[PDB]
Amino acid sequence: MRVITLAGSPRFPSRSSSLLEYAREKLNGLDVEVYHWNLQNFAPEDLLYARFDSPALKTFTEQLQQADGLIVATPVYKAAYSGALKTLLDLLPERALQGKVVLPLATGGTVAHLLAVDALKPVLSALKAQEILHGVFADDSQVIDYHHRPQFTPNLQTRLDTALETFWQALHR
C-alpha cells in the first residue's frame, strides 16, 4: 500500500510538516510506501494562476492516483483550511480521491481554530473521498520544536497514534 502525505502550510518547516513526518515514520514502520509532499514542492505561480501544465502538479497527480490514502495537514486561517492548500486541491481532477481514505489534520492556537478542525470535509467530499476520518486538531502548544524531530505533548501523541491506527485499518476496508 501507498499513502500520500501533504503539508498545506505556507512555510516549511511547520507544525503540519512535523505531524506528517511522524505519520510517514509510523506508516513506513507498517511497510507502507509514503509519497511525501508539501506546498514548497510546487511553483507558487502555477498554484495561484491554475497552470495545469505544472510538472509538479502532474507528478503529484500521478502519485495520488496510485495511492490508497491521503493524510493532509493544514494550519487554520480565517476559520478554514489554508488558501495555500486549497490552491493545490482546486487543480486536482474532479474525482481525485475516489476510493481513497483521507485523514485530515489541522493546527492552530485558539478555540476558534479548533472549531475549524473539519473545515476540509466539504472539499474532500467534493473530491469523492471514500472515507473521511474525524479531523485531528493539534493546538500550537502541543507541537514542540517543529523545526526538528516530531515531538508532541502526550495528549496529542495519543490522539495522533489513535487516528493513524484507524487510518491504517481503514486502508484495509
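Just so we're on the same page, rigid core means the largest C-alpha set that superposes within 1.5 Å between forms. Note that residue numbering follows the sequence shown and begins at 1.
Q) Do you reckon 161 to 169 or 12 to 20 strays further from the shown form in 5 other deposited structures of this protein, measuring C-alpha RMS after a core fit? A) Once the core is superposed, the stretch further away in 5 other deposited structures of this protein is 12 to 20.
Q) Line up the rigid core: which moves more in 5 other deposited structures of this protein, 32 to 40 or 136 to 144, by C-alpha RMS? A) So, of the two stretches, the farther one in 5 other deposited structures of this protein is 136 to 144.
Q. Of 41 to 49 and 104 to 112, which one has the bigger average CA B-factor?
A. Looking at the recorded C-alpha B-factors, 104 to 112 comes out higher on average.
Q: May I ask you to compare 122 to 130 and 54 to 62 by their mean CA B factor in the entry and name the higher one?
A: So the stretch with the higher mean C-alpha B-factor is 122 to 130.
Q) What third of the chain, by the recorded C-alpha B-factor, contains residue 171? A) Highest third - that is where residue 171 ends up once the chain's C-alpha B-factors are sorted.
Q: Looking at the entry's B-factor column for C-alpha atoms only, identify whether residue 97 ranks in the lowest, middle or highest third of its chain.
A: For residue 97, the deposited C-alpha B-factor lands in the middle third.
Q: Please place residue 71 in the lowest, middle or highest third of its chain by C-alpha B factor as given in the entry.
A: It falls in the bottom third of the chain.
Q | Ranked against its chain, the third holding the CA B-factor of residue 80 | A | Middle third.
**Q.** Within-chain third of residue 1 by Cα B-factor, per the entry
**A.** Highest third - that is where residue 1 ends up once the chain's C-alpha B-factors are sorted.
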